[PDB]
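I have placed the structure first, in the form of structure tokens, so that the comments after it can refer back to it.
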Amino acid sequence: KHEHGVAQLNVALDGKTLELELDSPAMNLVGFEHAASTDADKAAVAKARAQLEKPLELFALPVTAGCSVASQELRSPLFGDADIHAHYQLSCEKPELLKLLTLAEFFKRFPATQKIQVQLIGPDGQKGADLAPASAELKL
Ligand SMILES: [Zn+2]
Ligand SMILES: [Zn+2]
């Protein structure tokens, strides 16, 4: 599932919990897939890393919701000691306030991404949705 500028995002609101799994070809986030030797390359990777380390900002989860990070995983060689995987588990005090999900912010911060294919699974059932910077909201 590897198309440059296209990323998959699986969501799952289960009571308090919210699980976001983002699989993306590395081209969208760092701007290449050759492991980083240069300094321009190493700063582009650390820029991405510290943006992905702040998932309440990227996914623009409302403050009103009481959202805190329980666990976060960035599977890629580029962030150890080519695709990128980014798994967040969140715990929202007031999950009822999570009415809507804005990738608008994600697009601003990784403008290399033109389309995000979204599999949401609520307690309502299962809903697909393609998101572009134009049309980047999803009724949760
Ligand atoms: Zn590629
Ligand atoms: Zn994972």
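Chains: A, B, ... in order of the structure tokens. Residues: from 1 per chain. Ligands: from 1, in order shown.
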_List as a list in words the protein and nucleic acid residues lying within 9 Å of ligand 1, with only C-alpha atoms and all ligand atoms counted._
residues 2, 3, 4, 25, 26, 27, 32, 33, 82 and 83 of chain A
Selection file, C-alpha atoms, as a PDB file, in the first residue's frame:
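Result file again-v1.pdb:
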```pdb
ATOM      1  CA  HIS A   2       2.813   2.433  -1.114  1.00  0.00           C
ATOM      2  CA  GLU A   3       1.905   5.507  -3.297  1.00  0.00           C
ATOM      3  CA  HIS A   4       4.063   8.675  -2.817  1.00  0.00           C
ATOM      4  CA  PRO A  25       5.512   6.168   2.496  1.00  0.00           C
ATOM      5  CA  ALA A  26       8.422   8.193   4.037  1.00  0.00           C
ATOM      6  CA  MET A  27       8.477  10.595   0.959  1.00  0.00           C
ATOM      7  CA  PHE A  32      13.019  10.954   0.600  1.00  0.00           C
ATOM      8  CA  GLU A  33      13.600   7.238   1.552  1.00  0.00           C
ATOM      9  CA  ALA A  82      10.789   2.847   2.861  1.00  0.00           C
ATOM     10  CA  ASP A  83       7.499   3.298   4.826  1.00  0.00           C
TER      11      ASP A  83
END
```
*Within 8 Å of residue 98 (chain A), counting only C-alpha atoms, which residues qualify if same-chain residues fewer than 3 places away don't, as a count of residues only?*
7
*asked:* Distance limit 9 Å, reference ligand 2, atoms considered: only C-alpha atoms and all ligand atoms. Which residues make the cut? Give them as a PyMOL selection string.
replied: chain A and resi 21-23+72-75+85-88
Okay, now the selection with C-alpha atoms, as a CSV table (one decimal), in the first residue's frame?
```csv
chain,number,residue,atom,x,y,z
A,21,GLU,CA,-2.6,4.2,13.2
A,22,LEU,CA,-0.8,6.2,10.4
A,23,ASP,CA,1.0,4.1,7.7
A,72,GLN,CA,3.0,6.4,20.9
A,73,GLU,CA,5.1,4.2,18.5
A,74,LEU,CA,7.1,5.4,15.5
A,75,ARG,CA,8.2,2.2,13.6
A,85,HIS,CA,4.3,3.7,10.8
A,86,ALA,CA,2.9,5.9,13.7
A,87,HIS,CA,0.6,4.4,16.3
A,88,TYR,CA,-1.0,6.6,19.0
```
*Mind the document's chain letters and residue numbers, and return as an MDAnalysis selection string the residues of chain A that DSSP labels strand (DSSP E).*
chainID A and resid 6:14 17:25 67:75 83:92 100:102 115:121 126:131 137:139
Put those residues in a file: C-alpha atoms, as a PDB file, in the first residue's frame.
```pdb
ATOM      1  CA  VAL A   6      -0.907   9.043  -0.317  1.00  0.00           C
ATOM      2  CA  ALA A   7      -1.159   7.876   3.371  1.00  0.00           C
ATOM      3  CA  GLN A   8      -3.569   5.458   5.209  1.00  0.00           C
ATOM      4  CA  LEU A   9      -5.032   6.397   8.667  1.00  0.00           C
ATOM      5  CA  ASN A  10      -7.042   3.876  10.817  1.00  0.00           C
ATOM      6  CA  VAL A  11      -9.021   5.452  13.693  1.00  0.00           C
ATOM      7  CA  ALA A  12     -11.010   3.701  16.489  1.00  0.00           C
ATOM      8  CA  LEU A  13     -13.109   5.556  19.123  1.00  0.00           C
ATOM      9  CA  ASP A  14     -13.895   2.874  21.849  1.00  0.00           C
ATOM     10  CA  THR A  17      -9.803   5.323  24.116  1.00  0.00           C
ATOM     11  CA  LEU A  18      -8.887   6.724  20.659  1.00  0.00           C
ATOM     12  CA  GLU A  19      -6.377   4.726  18.563  1.00  0.00           C
ATOM     13  CA  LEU A  20      -4.734   6.426  15.502  1.00  0.00           C
ATOM     14  CA  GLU A  21      -2.551   4.205  13.244  1.00  0.00           C
ATOM     15  CA  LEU A  22      -0.849   6.155  10.389  1.00  0.00           C
ATOM     16  CA  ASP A  23       1.033   4.135   7.703  1.00  0.00           C
ATOM     17  CA  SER A  24       2.740   6.495   5.135  1.00  0.00           C
ATOM     18  CA  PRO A  25       5.512   6.168   2.496  1.00  0.00           C
ATOM     19  CA  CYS A  67      -7.111  14.145  25.515  1.00  0.00           C
ATOM     20  CA  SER A  68      -3.747  12.756  26.831  1.00  0.00           C
ATOM     21  CA  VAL A  69      -1.244  10.315  25.153  1.00  0.00           C
ATOM     22  CA  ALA A  70      -1.165   6.823  26.757  1.00  0.00           C
ATOM     23  CA  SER A  71       1.404   5.370  24.279  1.00  0.00           C
ATOM     24  CA  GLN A  72       3.003   6.382  20.936  1.00  0.00           C
ATOM     25  CA  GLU A  73       5.122   4.240  18.542  1.00  0.00           C
ATOM     26  CA  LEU A  74       7.102   5.434  15.465  1.00  0.00           C
ATOM     27  CA  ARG A  75       8.185   2.217  13.621  1.00  0.00           C
ATOM     28  CA  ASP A  83       7.499   3.298   4.826  1.00  0.00           C
ATOM     29  CA  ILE A  84       6.792   5.028   8.223  1.00  0.00           C
ATOM     30  CA  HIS A  85       4.285   3.700  10.825  1.00  0.00           C
ATOM     31  CA  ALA A  86       2.912   5.914  13.659  1.00  0.00           C
ATOM     32  CA  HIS A  87       0.599   4.388  16.309  1.00  0.00           C
ATOM     33  CA  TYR A  88      -0.954   6.589  19.021  1.00  0.00           C
ATOM     34  CA  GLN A  89      -3.238   5.418  21.867  1.00  0.00           C
ATOM     35  CA  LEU A  90      -5.003   8.341  23.592  1.00  0.00           C
ATOM     36  CA  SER A  91      -7.283   8.584  26.656  1.00  0.00           C
ATOM     37  CA  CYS A  92      -9.947  11.321  26.542  1.00  0.00           C
ATOM     38  CA  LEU A 100     -14.943  15.895  14.444  1.00  0.00           C
ATOM     39  CA  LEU A 101     -11.364  15.041  13.250  1.00  0.00           C
ATOM     40  CA  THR A 102      -9.252  17.647  11.339  1.00  0.00           C
ATOM     41  CA  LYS A 115      -4.485  12.345   0.086  1.00  0.00           C
ATOM     42  CA  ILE A 116      -5.095  10.430   3.409  1.00  0.00           C
ATOM     43  CA  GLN A 117      -7.370   7.300   3.092  1.00  0.00           C
ATOM     44  CA  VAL A 118      -9.213   6.932   6.456  1.00  0.00           C
ATOM     45  CA  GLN A 119     -10.762   3.764   8.009  1.00  0.00           C
ATOM     46  CA  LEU A 120     -12.764   4.940  11.086  1.00  0.00           C
ATOM     47  CA  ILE A 121     -14.381   2.242  13.374  1.00  0.00           C
ATOM     48  CA  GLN A 126     -17.118   1.121  10.003  1.00  0.00           C
ATOM     49  CA  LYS A 127     -16.739   4.206   7.722  1.00  0.00           C
ATOM     50  CA  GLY A 128     -14.211   4.925   4.917  1.00  0.00           C
ATOM     51  CA  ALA A 129     -13.371   8.486   3.666  1.00  0.00           C
ATOM     52  CA  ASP A 130     -10.563   9.940   1.405  1.00  0.00           C
ATOM     53  CA  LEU A 131      -9.250  13.323   2.769  1.00  0.00           C
ATOM     54  CA  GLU A 137     -12.662  16.973   8.066  1.00  0.00           C
ATOM     55  CA  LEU A 138     -14.365  13.710   9.136  1.00  0.00           C
ATOM     56  CA  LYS A 139     -17.534  13.571  11.322  1.00  0.00           C
TER      57      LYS A 139
END
```
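Counting from CA of residue 136 (chain A), the distance to CA of residue 113 (chain A) is 11.7 Å.
Residue nearest residue 97 (chain A), chosen from A:63, A:40, A:52, A:35 and counting only C-alpha atoms: A:63.
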*Those of region 17-100 of chain A in DSSP alpha helix (DSSP H), formatted as a list in words*: residues 39, 40, 41, 42, 43, 44, 45, 46, 47, 48, 49, 50, 51, 52, 55, 56, 57 and 58 of chain A
*From the set A:56, A:45, A:78, A:50, which residue has the shortest atom-to-atom contact distance to residue 31 (chain A), counting only C-alpha atoms?*
A:45
*residue 60 (chain A) surroundings by only C-alpha atoms, 9 Å radius, close-in-sequence under 5 positions cut, as a ChimeraX atom specification*: /A:55,101-106
What does the file look like for those residues with C-alpha atoms, as a short mmCIF file (atom, residue, chain, number, x, y, z; two decimals), in the first residue's frame?
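Produced file part02.cif, reproduced below:
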```
data_model
loop_
_atom_site.label_atom_id
_atom_site.label_comp_id
_atom_site.auth_asym_id
_atom_site.auth_seq_id
_atom_site.Cartn_x
_atom_site.Cartn_y
_atom_site.Cartn_z
CA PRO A 55 0.03 13.89 18.20
CA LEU A 101 -11.36 15.04 13.25
CA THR A 102 -9.25 17.65 11.34
CA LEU A 103 -6.27 16.47 9.28
CA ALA A 104 -6.07 20.14 8.06
CA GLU A 105 -3.21 20.57 10.61
CA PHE A 106 -1.39 17.36 9.39
#
```
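Taking CA of residue 110 (chain A) and CA of residue 5 (chain A) as endpoints, the distance between them is 9.8 Å.
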